[PDB]
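Trainee: Once you've had a glance at the structure underneath, I'll fire off some questions.
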Amino acid sequence: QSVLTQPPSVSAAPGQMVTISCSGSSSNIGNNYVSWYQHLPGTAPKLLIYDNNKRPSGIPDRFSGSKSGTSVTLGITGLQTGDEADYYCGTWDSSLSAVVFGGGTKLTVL
Amino acid sequence: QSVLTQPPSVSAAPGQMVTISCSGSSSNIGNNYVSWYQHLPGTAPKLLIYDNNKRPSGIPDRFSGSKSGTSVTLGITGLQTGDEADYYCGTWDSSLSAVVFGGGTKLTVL
Amino acid sequence: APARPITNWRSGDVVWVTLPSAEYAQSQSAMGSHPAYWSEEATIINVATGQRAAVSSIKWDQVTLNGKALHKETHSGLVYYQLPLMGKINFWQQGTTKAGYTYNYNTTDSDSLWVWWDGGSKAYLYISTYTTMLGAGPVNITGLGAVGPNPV
Amino acid sequence: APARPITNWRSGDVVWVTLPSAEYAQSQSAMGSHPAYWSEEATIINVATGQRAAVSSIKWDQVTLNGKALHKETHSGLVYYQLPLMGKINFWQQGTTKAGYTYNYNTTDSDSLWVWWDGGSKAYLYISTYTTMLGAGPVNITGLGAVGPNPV
Amino acid sequence: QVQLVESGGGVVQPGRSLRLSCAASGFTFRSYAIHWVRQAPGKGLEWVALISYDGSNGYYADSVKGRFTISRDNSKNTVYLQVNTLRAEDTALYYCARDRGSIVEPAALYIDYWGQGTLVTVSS
Amino acid sequence: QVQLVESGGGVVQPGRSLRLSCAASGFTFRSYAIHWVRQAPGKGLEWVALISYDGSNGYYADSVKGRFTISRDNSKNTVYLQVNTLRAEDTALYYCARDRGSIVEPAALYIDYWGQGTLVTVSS
């Protein structure tokens, strides 16, 4: 029910490519910047994409993100079993004056 | 009753100096620029001071103006019989969204 | 011995603009009918190489940016020329701490230098401006900018 | 053969800043607790004479403006230095049209360059900003300004 | 000969309307904002109305609001000042003048040239 | 060891209030804006609150407004999250994290490091 909508889940074979969409209005993703968060189970969530196109130090280069209009998309190259977690968007809603996070997408491998 | 207040009249001997005060709030004379006008009887009023410190081409150098805070003052050097007219302030009132002119000061020589 | 002519411009070059007795225009068609400051006897200076010339004394049919002609917006029958800049054009009253802010002060869009040319010896310098914060003119105005990319 | 040292600054000189991996600061006490962009490996360039040096490699106790030391605001025990400018400091994201606007974008007050110095080899370049319109960092940022008068 | 002349004066029955035509010659109409200004007998100046360069925005005064209307016809190079229900206080020499200033918060007015004025003499 | 730890979890009777203390070590407190974030079991992330660097600004979420309160004590380098009248929906692992971003119209968030989280288990 979040402002930023995400697919519930996605899957692919090991070593393959997945992409997670993330939409929103201009007040949050059209005007403000967005970020992505990985939540591996049993540990604290991490920052892998910031500024809609950049990654913090230590995040593997296989992760990427890009914004097209009032929508952003996560990109993961070379799927691995270890990189199976929950991914969320993150941005500020100027109209709502609050931080809105992504609904949630679960990476799986089969 | 104008927002920009002025002395009703002033006088001096020929060749002397006079000054006409002009007050106002920040909304008109503190924020916006003010200007001065000379109305010789029987003719159209003229522009002698603009931008609070400058004169249009053809206006004699004896006229001067300067803004001190939310107030401006006209300065006349070398009073003459010919330079006897009505002098008015002129500025924009941002709060009032209208052009407010000076109340009016009448130069005389005696 | 001669340096690069002011007719040649490259992206990232610093341009230095003086607008003696500059006045205020309610709207400039080159900037999409927006306020601007214009002067008749303006002077343009390139800071990096030091070259300078009066705007009315240079022919805009020959000026080039990165080896390409400037984008010309023939608006209302008047031929203008575009010198793009990376970022906003910074201008201020000459000899004073008083400073001017362009029309797109809140936005991210960069600014540009527009010039009207008659093809003879009359050129008008146009700089982006929001209001009469420096005066309705004639008031001396000095500006500064850095050249941007060619139009796409 | 050597040109004017970058430690010497005169009013009207054009300064050219580069702020590699610049980040965003919520408030800078040198700018009266206002947002600023700061970089660790920043570089300062004087456009007029072409002199340039990394900000962290400048001994700010020696820099002079018009033969006078810079006004130092010792705020919260941290010594800063002031390089004033005529007008607003124009800064933009490096290599792109992404352009930034300072905090005092609505006023006629001019801007300034602030640098924090430890006295060793760590200096931080601070440029006035309003928000994260170029990003929260680390984001490359390029700037430009023209030096102003000595503090009074 | 740069001129900005005003027509449409004369003795007027109270409570009636007039169109104060303002013909412009010697300068480009669309580059200027035309003001309307009156001086009552035995009184000083009073600013009345204002129109933009293209007529997009029309500005009035507090004492003239409702009873006055500004209009622009750039094709004919003439600005129109529609007075309505003239009172006993507006029997004034309506000057008209051109301005190249601004209106935003730091506004600077340059009302350069003022016409000779038209005399509205509303009376019996 | 830069850490931002959270204390004040445990089983809580419904309709009661707790103070989620957040001790910060390894970094300057006054240079960061601390967030509060919870993940309900079998659900995703939800941003809760936000405080400025000097405690001047306190930002809440729509679902937590009225029932939640943010506070800052820069002397102790600890940010305080005062929960009030815990419901059945906030039985979540309250993470806390620091942010060095902005809030104005083009805001960019950098919620760099997230704590391990405190588990509020309001139940009988």
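Ligands are numbered from 1 in the order shown, chains are lettered A, B, ... in the order of the structure tokens, and residues start at 1 in each chain.
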Can you pull out every residue within 9 Å of region 31-35 of chain F, counting only C-alpha atoms, but drop anything in the same chain fewer than 3 positions away, and send it as an MDAnalysis selection string?
Mentor: (chainID D and resid 25:27) or (chainID F and resid 27:28 47:55 79 95:101 111 114)
Trainee: Let me see the file: selected residues, N, CA, C and O atoms, as a JSON list (two decimals), in the first residue's frame.
Mentor:
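Contents of result35.json, freshly written:
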[["chain", "number", "residue", "atom", "x", "y", "z"],
["D", 25, "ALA", "N", 26.28, 18.73, 3.66],
["D", 25, "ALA", "CA", 26.30, 19.02, 5.09],
["D", 25, "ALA", "C", 25.04, 19.78, 5.45],
["D", 25, "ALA", "O", 24.66, 20.73, 4.75],
["D", 26, "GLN", "N", 24.38, 19.37, 6.53],
["D", 26, "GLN", "CA", 23.13, 20.00, 6.93],
["D", 26, "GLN", "C", 23.33, 21.47, 7.29],
["D", 26, "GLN", "O", 22.50, 22.31, 6.95],
["D", 27, "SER", "N", 24.42, 21.78, 7.98],
["D", 27, "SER", "CA", 24.68, 23.15, 8.39],
["D", 27, "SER", "C", 26.18, 23.37, 8.52],
["D", 27, "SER", "O", 26.90, 22.51, 9.03],
["F", 27, "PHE", "N", 31.16, 8.22, 15.88],
["F", 27, "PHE", "CA", 30.94, 9.31, 14.94],
["F", 27, "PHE", "C", 30.32, 10.48, 15.68],
["F", 27, "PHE", "O", 29.78, 10.34, 16.77],
["F", 28, "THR", "N", 30.41, 11.66, 15.06],
["F", 28, "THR", "CA", 29.87, 12.88, 15.64],
["F", 28, "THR", "C", 28.35, 12.88, 15.50],
["F", 28, "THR", "O", 27.82, 12.79, 14.39],
["F", 47, "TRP", "N", 9.47, 3.30, 7.42],
["F", 47, "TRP", "CA", 10.11, 4.44, 8.06],
["F", 47, "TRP", "C", 9.16, 5.05, 9.09],
["F", 47, "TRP", "O", 7.96, 5.17, 8.85],
["F", 48, "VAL", "N", 9.72, 5.43, 10.24],
["F", 48, "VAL", "CA", 8.93, 5.85, 11.40],
["F", 48, "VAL", "C", 9.11, 7.34, 11.70],
["F", 48, "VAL", "O", 8.16, 8.11, 11.64],
["F", 49, "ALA", "N", 10.33, 7.75, 12.03],
["F", 49, "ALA", "CA", 10.57, 9.10, 12.53],
["F", 49, "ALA", "C", 11.91, 9.61, 12.02],
["F", 49, "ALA", "O", 12.67, 8.90, 11.36],
["F", 50, "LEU", "N", 12.20, 10.86, 12.36],
["F", 50, "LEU", "CA", 13.39, 11.56, 11.89],
["F", 50, "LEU", "C", 13.58, 12.79, 12.76],
["F", 50, "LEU", "O", 12.61, 13.47, 13.11],
["F", 51, "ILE", "N", 14.84, 13.08, 13.10],
["F", 51, "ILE", "CA", 15.19, 14.29, 13.83],
["F", 51, "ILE", "C", 16.37, 14.94, 13.14],
["F", 51, "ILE", "O", 17.17, 14.28, 12.47],
["F", 52, "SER", "N", 16.48, 16.26, 13.30],
["F", 52, "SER", "CA", 17.53, 17.03, 12.64],
["F", 52, "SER", "C", 18.85, 16.83, 13.38],
["F", 52, "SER", "O", 18.96, 16.02, 14.29],
["F", 53, "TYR", "N", 19.86, 17.60, 12.98],
["F", 53, "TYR", "CA", 21.17, 17.46, 13.61],
["F", 53, "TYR", "C", 21.19, 18.09, 15.00],
["F", 53, "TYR", "O", 21.85, 17.57, 15.91],
["F", 54, "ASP", "N", 20.47, 19.19, 15.18],
["F", 54, "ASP", "CA", 20.44, 19.91, 16.45],
["F", 54, "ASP", "C", 19.14, 19.72, 17.20],
["F", 54, "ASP", "O", 18.91, 20.40, 18.21],
["F", 55, "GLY", "N", 18.27, 18.83, 16.74],
["F", 55, "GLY", "CA", 16.99, 18.61, 17.39],
["F", 55, "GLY", "C", 15.94, 19.65, 17.08],
["F", 55, "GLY", "O", 14.84, 19.58, 17.65],
["F", 79, "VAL", "N", 19.80, 9.77, 20.68],
["F", 79, "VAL", "CA", 18.50, 10.20, 20.18],
["F", 79, "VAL", "C", 17.43, 9.33, 20.82],
["F", 79, "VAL", "O", 17.62, 8.12, 21.04],
["F", 95, "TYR", "N", 14.70, -0.97, 13.88],
["F", 95, "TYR", "CA", 16.04, -0.54, 13.52],
["F", 95, "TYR", "C", 16.18, 0.96, 13.74],
["F", 95, "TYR", "O", 15.20, 1.71, 13.72],
["F", 96, "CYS", "N", 17.42, 1.40, 13.95],
["F", 96, "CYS", "CA", 17.74, 2.82, 13.97],
["F", 96, "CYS", "C", 18.99, 3.05, 13.14],
["F", 96, "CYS", "O", 19.89, 2.21, 13.11],
["F", 97, "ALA", "N", 19.03, 4.19, 12.47],
["F", 97, "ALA", "CA", 20.09, 4.46, 11.50],
["F", 97, "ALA", "C", 20.32, 5.95, 11.40],
["F", 97, "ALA", "O", 19.45, 6.76, 11.76],
["F", 98, "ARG", "N", 21.48, 6.32, 10.88],
["F", 98, "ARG", "CA", 21.88, 7.71, 10.73],
["F", 98, "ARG", "C", 21.81, 8.13, 9.27],
["F", 98, "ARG", "O", 22.08, 7.33, 8.36],
["F", 99, "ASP", "N", 21.45, 9.39, 9.05],
["F", 99, "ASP", "CA", 21.26, 9.94, 7.71],
["F", 99, "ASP", "C", 21.95, 11.30, 7.62],
["F", 99, "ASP", "O", 21.88, 12.11, 8.54],
["F", 100, "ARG", "N", 22.62, 11.53, 6.49],
["F", 100, "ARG", "CA", 23.30, 12.79, 6.22],
["F", 100, "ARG", "C", 22.74, 13.48, 4.98],
["F", 100, "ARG", "O", 23.45, 14.22, 4.30],
["F", 101, "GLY", "N", 21.47, 13.24, 4.68],
["F", 101, "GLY", "CA", 20.82, 13.82, 3.53],
["F", 101, "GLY", "C", 20.08, 15.10, 3.87],
["F", 101, "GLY", "O", 20.28, 15.72, 4.91],
["F", 111, "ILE", "N", 20.85, 7.00, 4.17],
["F", 111, "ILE", "CA", 20.67, 6.32, 5.46],
["F", 111, "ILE", "C", 21.77, 5.27, 5.52],
["F", 111, "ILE", "O", 21.58, 4.10, 5.16],
["F", 114, "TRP", "N", 22.68, 1.06, 9.54],
["F", 114, "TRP", "CA", 21.51, 0.69, 10.32],
["F", 114, "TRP", "C", 21.93, -0.19, 11.48],
["F", 114, "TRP", "O", 22.76, -1.09, 11.33]]
Trainee: Quick one: which chain C residues come within 12 Å of chain E, and what is the nearest atom pair for each with the distance in Å to one decimal, counting only C-alpha atoms, rows ordered by chain and ascending number, as CSV?
Mentor:
residue,atom,partner,partner_atom,distance
C:23,CA,E:100,CA,8.8
C:24,CA,E:101,CA,6.8
C:25,CA,E:100,CA,7.0
C:26,CA,E:102,CA,6.9
C:27,CA,E:31,CA,8.3
C:28,CA,E:31,CA,9.8
C:29,CA,E:31,CA,11.4
C:33,CA,E:54,CA,10.3
C:34,CA,E:53,CA,11.7
C:35,CA,E:102,CA,9.0
C:36,CA,E:102,CA,10.9
C:37,CA,E:101,CA,11.4
C:100,CA,E:106,CA,11.1
C:101,CA,E:106,CA,11.6
C:103,CA,E:104,CA,11.5
C:129,CA,E:102,CA,11.3
C:130,CA,E:104,CA,8.3
C:131,CA,E:104,CA,6.0
C:132,CA,E:107,CA,5.5
C:133,CA,E:106,CA,5.1
C:134,CA,E:106,CA,8.3
C:135,CA,E:108,CA,5.6
C:136,CA,E:108,CA,5.2
C:137,CA,E:110,CA,8.2
C:138,CA,E:110,CA,10.0
C:139,CA,E:108,CA,11.6
Trainee: Could you pull out the residues in region 25-97 of chain E that DSSP calls strand (DSSP E) from the backbone, as a PyMOL selection string?
Mentor: chain E and resi 25+33-39+45-51+58-60+68-73+78-83+93-97
Trainee: Select from chain C every residue with an atom at most 9 Å from any atom of chain D, then for each give the shortest pair of atoms and their distance in Å to one decimal, using only C-alpha atoms, rows by chain and rising number, as a Markdown table.
Mentor:
| residue | atom | partner | partner_atom | distance |
| --- | --- | --- | --- | --- |
| C:14 | CA | D:47 | CA | 7.6 |
| C:47 | CA | D:48 | CA | 5.5 |
| C:48 | CA | D:47 | CA | 5.6 |
| C:49 | CA | D:48 | CA | 7.6 |
| C:50 | CA | D:48 | CA | 7.3 |
| C:85 | CA | D:97 | CA | 8.7 |
| C:86 | CA | D:97 | CA | 5.9 |
| C:87 | CA | D:99 | CA | 4.9 |
| C:88 | CA | D:90 | CA | 6.4 |
| C:89 | CA | D:90 | CA | 7.6 |
| C:90 | CA | D:88 | CA | 6.3 |
| C:91 | CA | D:87 | CA | 6.4 |
| C:92 | CA | D:87 | CA | 5.6 |
| C:93 | CA | D:87 | CA | 8.6 |
| C:95 | CA | D:86 | CA | 8.8 |
| C:96 | CA | D:86 | CA | 7.7 |
| C:97 | CA | D:86 | CA | 5.8 |
| C:98 | CA | D:108 | CA | 5.2 |
| C:99 | CA | D:108 | CA | 4.4 |
| C:100 | CA | D:108 | CA | 5.8 |
| C:101 | CA | D:105 | CA | 6.5 |
| C:102 | CA | D:105 | CA | 8.9 |
| C:105 | CA | D:105 | CA | 6.1 |
| C:106 | CA | D:101 | CA | 7.0 |
| C:107 | CA | D:101 | CA | 7.8 |
| C:108 | CA | D:99 | CA | 5.1 |
| C:109 | CA | D:99 | CA | 6.5 |
| C:110 | CA | D:99 | CA | 6.2 |
| C:133 | CA | D:108 | CA | 7.2 |
| C:134 | CA | D:108 | CA | 8.2 |
| C:143 | CA | D:87 | CA | 8.5 |
| C:144 | CA | D:146 | CA | 7.6 |
| C:145 | CA | D:144 | CA | 7.7 |
| C:146 | CA | D:144 | CA | 7.7 |
| C:148 | CA | D:97 | CA | 7.7 |
| C:149 | CA | D:97 | CA | 8.2 |
Trainee: Could those residues be written to a file, using N, CA and C atoms, as an mmCIF file, in the first residue's frame?
Mentor:
data_model
loop_
_atom_site.group_PDB
_atom_site.id
_atom_site.type_symbol
_atom_site.label_atom_id
_atom_site.label_comp_id
_atom_site.auth_asym_id
_atom_site.auth_seq_id
_atom_site.Cartn_x
_atom_site.Cartn_y
_atom_site.Cartn_z
ATOM 1 N N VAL C 14 35.512 30.262 -19.221
ATOM 2 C CA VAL C 14 34.910 31.271 -18.360
ATOM 3 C C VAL C 14 34.730 32.551 -19.163
ATOM 4 N N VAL C 47 37.791 34.982 -19.723
ATOM 5 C CA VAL C 47 38.745 35.096 -18.624
ATOM 6 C C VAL C 47 39.957 34.200 -18.855
ATOM 7 N N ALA C 48 39.739 32.999 -19.394
ATOM 8 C CA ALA C 48 40.815 32.013 -19.477
ATOM 9 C C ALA C 48 41.978 32.524 -20.317
ATOM 10 N N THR C 49 41.681 33.129 -21.467
ATOM 11 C CA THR C 49 42.715 33.649 -22.350
ATOM 12 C C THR C 49 42.826 35.168 -22.324
ATOM 13 N N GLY C 50 41.919 35.860 -21.639
ATOM 14 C CA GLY C 50 41.992 37.299 -21.506
ATOM 15 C C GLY C 50 41.425 38.091 -22.663
ATOM 16 N N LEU C 85 25.869 27.941 -21.170
ATOM 17 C CA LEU C 85 26.711 27.962 -19.985
ATOM 18 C C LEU C 85 26.402 26.754 -19.114
ATOM 19 N N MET C 86 27.427 26.272 -18.411
ATOM 20 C CA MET C 86 27.270 25.205 -17.422
ATOM 21 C C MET C 86 26.934 25.857 -16.090
ATOM 22 N N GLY C 87 25.672 25.789 -15.704
ATOM 23 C CA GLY C 87 25.202 26.467 -14.516
ATOM 24 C C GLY C 87 24.576 27.806 -14.842
ATOM 25 N N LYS C 88 24.216 28.518 -13.781
ATOM 26 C CA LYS C 88 23.560 29.807 -13.923
ATOM 27 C C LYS C 88 24.581 30.911 -14.174
ATOM 28 N N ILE C 89 24.165 31.918 -14.935
ATOM 29 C CA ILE C 89 25.004 33.090 -15.166
ATOM 30 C C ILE C 89 24.942 33.978 -13.929
ATOM 31 N N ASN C 90 26.104 34.264 -13.349
ATOM 32 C CA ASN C 90 26.198 35.061 -12.134
ATOM 33 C C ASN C 90 26.512 36.501 -12.513
ATOM 34 N N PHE C 91 25.635 37.422 -12.119
ATOM 35 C CA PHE C 91 25.778 38.832 -12.446
ATOM 36 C C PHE C 91 25.505 39.681 -11.213
ATOM 37 N N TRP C 92 26.116 40.864 -11.185
ATOM 38 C CA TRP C 92 26.013 41.756 -10.041
ATOM 39 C C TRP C 92 26.206 43.190 -10.508
ATOM 40 N N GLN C 93 25.782 44.129 -9.664
ATOM 41 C CA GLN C 93 26.009 45.540 -9.945
ATOM 42 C C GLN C 93 27.501 45.843 -9.930
ATOM 43 N N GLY C 95 30.991 47.281 -9.297
ATOM 44 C CA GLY C 95 31.604 47.998 -8.201
ATOM 45 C C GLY C 95 30.881 47.906 -6.875
ATOM 46 N N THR C 96 29.910 47.008 -6.738
ATOM 47 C CA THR C 96 29.097 46.923 -5.536
ATOM 48 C C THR C 96 28.938 45.466 -5.121
ATOM 49 N N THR C 97 28.745 45.262 -3.816
ATOM 50 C CA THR C 97 28.454 43.932 -3.296
ATOM 51 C C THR C 97 27.060 43.462 -3.695
ATOM 52 N N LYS C 98 26.192 44.382 -4.112
ATOM 53 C CA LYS C 98 24.851 44.021 -4.549
ATOM 54 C C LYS C 98 24.926 43.068 -5.733
ATOM 55 N N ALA C 99 24.148 41.990 -5.670
ATOM 56 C CA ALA C 99 24.220 40.916 -6.646
ATOM 57 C C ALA C 99 22.849 40.650 -7.252
ATOM 58 N N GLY C 100 22.861 40.109 -8.465
ATOM 59 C CA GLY C 100 21.645 39.761 -9.170
ATOM 60 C C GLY C 100 21.444 38.260 -9.253
ATOM 61 N N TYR C 101 20.174 37.844 -9.300
ATOM 62 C CA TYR C 101 19.798 36.443 -9.428
ATOM 63 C C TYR C 101 18.913 36.277 -10.654
ATOM 64 N N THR C 102 19.154 35.217 -11.412
ATOM 65 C CA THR C 102 18.488 35.013 -12.688
ATOM 66 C C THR C 102 17.053 34.540 -12.474
ATOM 67 N N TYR C 105 16.409 30.776 -10.746
ATOM 68 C CA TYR C 105 17.178 30.670 -9.514
ATOM 69 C C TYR C 105 16.792 29.462 -8.671
ATOM 70 N N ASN C 106 15.523 29.049 -8.702
ATOM 71 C CA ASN C 106 15.058 27.873 -7.980
ATOM 72 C C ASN C 106 15.286 26.570 -8.723
ATOM 73 N N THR C 107 15.421 26.615 -10.041
ATOM 74 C CA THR C 107 15.481 25.416 -10.859
ATOM 75 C C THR C 107 16.924 24.984 -11.081
ATOM 76 N N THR C 108 17.065 23.798 -11.659
ATOM 77 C CA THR C 108 18.357 23.222 -11.989
ATOM 78 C C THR C 108 18.842 23.636 -13.372
ATOM 79 N N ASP C 109 17.952 24.142 -14.220
ATOM 80 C CA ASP C 109 18.307 24.444 -15.600
ATOM 81 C C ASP C 109 19.398 25.504 -15.659
ATOM 82 N N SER C 110 20.412 25.253 -16.480
ATOM 83 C CA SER C 110 21.508 26.191 -16.642
ATOM 84 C C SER C 110 21.071 27.380 -17.490
ATOM 85 N N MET C 133 16.052 43.731 -9.159
ATOM 86 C CA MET C 133 16.787 43.721 -7.898
ATOM 87 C C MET C 133 18.037 44.595 -7.935
ATOM 88 N N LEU C 134 18.570 44.890 -9.120
ATOM 89 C CA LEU C 134 19.659 45.846 -9.267
ATOM 90 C C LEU C 134 19.188 47.197 -9.784
ATOM 91 N N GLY C 143 28.844 40.554 -14.980
ATOM 92 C CA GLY C 143 28.448 39.171 -14.844
ATOM 93 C C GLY C 143 29.598 38.219 -15.125
ATOM 94 N N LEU C 144 29.312 36.929 -14.942
ATOM 95 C CA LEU C 144 30.321 35.889 -15.084
ATOM 96 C C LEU C 144 29.635 34.551 -15.331
ATOM 97 N N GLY C 145 30.240 33.727 -16.186
ATOM 98 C CA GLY C 145 29.696 32.412 -16.482
ATOM 99 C C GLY C 145 30.746 31.502 -17.080
ATOM 100 N N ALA C 146 30.384 30.225 -17.192
ATOM 101 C CA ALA C 146 31.260 29.199 -17.746
ATOM 102 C C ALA C 146 30.533 28.464 -18.862
ATOM 103 N N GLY C 148 28.969 26.053 -21.607
ATOM 104 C CA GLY C 148 28.486 24.696 -21.528
ATOM 105 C C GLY C 148 28.566 23.949 -22.846
ATOM 106 N N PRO C 149 27.724 22.932 -23.006
ATOM 107 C CA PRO C 149 27.808 22.065 -24.184
ATOM 108 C C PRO C 149 27.001 22.612 -25.356
#
Trainee: Could you state the separation of CA of residue 63 (chain F) and CA of residue 46 (chain F) in Å, given to one decimal place?
Mentor: 9.8 Å
Trainee: At a cut-off of 9 Å, using only C-alpha atoms, what residues contact residue 79 (chain B)? Leave out same-chain residues fewer than 3 positions from it and give the result as a list in words.
Mentor: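 With the cut-off at 9 Å, the set is residues 12, 13, 14, 15, 16, 17, 18, 62, 76, 82, 83, 84 and 109 of chain B.
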Trainee: Tell me, in Å to one decimal, how far CA of residue 35 (chain B) is from CA of residue 50 (chain B).
Mentor: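 CA of residue 35 (chain B) sits 4.6 Å away from CA of residue 50 (chain B).
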Trainee: Give me, as an MDAnalysis selection string, the residues of chain B touching chain C, with the criterion being at most 12 Å (counting only C-alpha atoms).
Mentor: chainID B and resid 31:35 49:57 91:92
Trainee: For those residues, write N, CA, C and O atoms to a file as a short mmCIF file (atom, residue, chain, number, x, y, z; two decimals), in the first residue's frame.
Mentor:
data_model
loop_
_atom_site.label_atom_id
_atom_site.label_comp_id
_atom_site.auth_asym_id
_atom_site.auth_seq_id
_atom_site.Cartn_x
_atom_site.Cartn_y
_atom_site.Cartn_z
N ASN B 31 11.91 47.69 0.44
CA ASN B 31 12.15 46.60 -0.49
C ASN B 31 12.28 47.10 -1.93
O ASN B 31 13.23 46.74 -2.63
N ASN B 32 11.34 47.92 -2.37
CA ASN B 32 11.30 48.40 -3.74
C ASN B 32 12.08 49.70 -3.88
O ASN B 32 12.50 50.31 -2.90
N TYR B 33 12.26 50.13 -5.13
CA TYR B 33 12.93 51.38 -5.43
C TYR B 33 11.92 52.52 -5.47
O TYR B 33 10.73 52.32 -5.75
N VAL B 34 12.39 53.74 -5.20
CA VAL B 34 11.58 54.94 -5.17
C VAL B 34 12.12 55.92 -6.22
O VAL B 34 13.27 55.84 -6.64
N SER B 35 11.27 56.83 -6.64
CA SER B 35 11.62 57.82 -7.64
C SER B 35 10.92 59.14 -7.32
O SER B 35 9.95 59.18 -6.57
N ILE B 49 14.68 62.07 -10.62
CA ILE B 49 15.46 61.08 -9.89
C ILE B 49 14.83 59.71 -10.10
O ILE B 49 13.60 59.56 -9.99
N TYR B 50 15.66 58.72 -10.42
CA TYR B 50 15.26 57.32 -10.48
C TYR B 50 16.32 56.49 -9.77
O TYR B 50 17.47 56.92 -9.61
N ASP B 51 15.93 55.29 -9.35
CA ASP B 51 16.82 54.33 -8.69
C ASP B 51 17.40 54.87 -7.38
O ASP B 51 18.42 54.36 -6.90
N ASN B 52 16.78 55.92 -6.84
CA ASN B 52 17.06 56.49 -5.52
C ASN B 52 18.36 57.27 -5.48
O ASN B 52 18.64 57.97 -4.50
N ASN B 53 19.17 57.16 -6.52
CA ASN B 53 20.43 57.90 -6.54
C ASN B 53 20.81 58.42 -7.92
O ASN B 53 21.88 59.02 -8.05
N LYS B 54 19.98 58.22 -8.95
CA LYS B 54 20.36 58.52 -10.32
C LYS B 54 19.32 59.41 -10.97
O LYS B 54 18.16 59.44 -10.56
N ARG B 55 19.75 60.13 -12.00
CA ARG B 55 18.89 61.07 -12.70
C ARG B 55 18.84 60.74 -14.19
O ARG B 55 19.83 60.26 -14.75
N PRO B 56 17.70 60.96 -14.84
CA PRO B 56 17.65 60.80 -16.30
C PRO B 56 18.46 61.88 -17.00
O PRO B 56 18.76 62.94 -16.45
N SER B 57 18.83 61.58 -18.25
CA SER B 57 19.61 62.51 -19.04
C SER B 57 18.84 63.81 -19.24
O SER B 57 17.64 63.81 -19.54
N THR B 91 6.96 54.93 -5.89
CA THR B 91 7.50 53.60 -5.62
C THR B 91 6.39 52.57 -5.72
O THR B 91 5.20 52.90 -5.73
N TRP B 92 6.80 51.31 -5.82
CA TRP B 92 5.88 50.18 -5.83
C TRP B 92 5.75 49.60 -4.43
O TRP B 92 6.74 49.41 -3.72
#
Trainee: Which residues come within 7 Å of residue 25 (chain E), counting only C-alpha atoms, excluding same-chain residues fewer than 6 positions away, as a list in words?
Mentor: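 The contact residues come out as residues 2, 3 and 4 of chain E.
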